[PDB]
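This structure is in structure tokens; I'll ask about it shortly.
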Amino acid sequence: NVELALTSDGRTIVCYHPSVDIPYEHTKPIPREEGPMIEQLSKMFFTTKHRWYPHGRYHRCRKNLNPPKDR
RNA sequence: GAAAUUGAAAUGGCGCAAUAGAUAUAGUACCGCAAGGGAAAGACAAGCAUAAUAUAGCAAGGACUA
Ligand SMILES: [Mg+2]
Ligand SMILES: [Mg+2]
């Protein structure tokens with residue numbers, strides 16, 4: 001849904017792209033132990049087990065607790 | 001590798017500071033049958049602990065919110 005148009009001199013391309021709204025008809029009304037724990041978490045979040053095991057103090061201390069923040 | 005020949009006057013350290021300077025705290029201890037050999041030392045390194053560990057690998061780098 002974009003309108004392309006060179007200008008008369010042909011030196012600049014003009015693109016008209018209005019934002020199209022979602023039609024009302026295209027919408028639905030609003031409705032009104034360590035082992036087993038890690039298996040449950042992996043099933044819940046569609047991950048593997050390895051993510052949920054802890055890490056040693058060395059890794060934990062290596063993690064930066066005051067990371068730079070942008071925007 | 002010569003000699004002939006020639007004819008110099010007169011308390012200190014750009015030395016060390018205990019692995020250095022004597023081997024030297026001592027020619028002792030100790031070693032050797034013996035001759036001999038011959039030391040060491042006195043005034044937050046490594047290793048650990050606080051705090052073991054998490055898939056993958058020269059152990060880092062690029063990074064990354066992490
Ligand atoms: Mg000495
Ligand atoms: Mg140390």
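Because only heavy atoms are used, hydrogens play no part in the values below, and waters and symmetry mates are left out as well, while side chains stay in. Order of the sequence lines fixes the chain letters, A, B, ..., with proteins taken first and strands second; residue numbering starts at 1 for each chain.
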For B/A63, pucker side given by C1'-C2'-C3'-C4' sign: north
Pucker class of B/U23, from the sign of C1'-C2'-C3'-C4': north
Listed once per pair and sorted, the side-chain hydrogen bond (donor to acceptor under 3.5 Å, both in side chains) pairs that draw on residues 9-28 of chain A, sequence neighbours left out: A/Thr7-A/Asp9, A/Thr7-A/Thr12
Can you give me every donor-acceptor pair (side chain of residues 60-68 of chain A, partner residue at least two apart or in another chain, under 3.5 Å) with its distance?
residue : atom : partner : partner atom : Å
A/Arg60 : NH1  : A/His55 : O            : 2.7
A/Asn64 : OD1  : A/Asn66 : N            : 3.0

Linked hydrophobic residues, A/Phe45 as query - side chain contacts closer than 4.5 Å: A/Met37, A/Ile38, A/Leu41, A/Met44, A/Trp52, A/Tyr53
Whole-Å distance separating the CG atom of A/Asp70 from the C1' atom of B/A63: 15 Å
Annotated protein contacts, base or backbone, on nucleotides 50-58 of chain B with a non-hydrogen cut-off under 4.0 Å, one of B, S, - each: -B-SBB---
Sugar geometry class by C1'-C2'-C3'-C4' for B/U19: south
Nucleotide B/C64, atom P - distance to CZ of A/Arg62 in whole Å: 16 Å
B/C58 sugar pucker (north/south) via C1'-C2'-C3'-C4': south
Co-members of A/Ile30 in a cluster of I, L, V, M, F, W and Y side chains, linked at under 4.5 Å: none
Cluster companions of A/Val2 among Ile, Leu, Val, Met, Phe, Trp, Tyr (side-chain spacing under 4.5 Å): A/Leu4, A/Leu6, A/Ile13
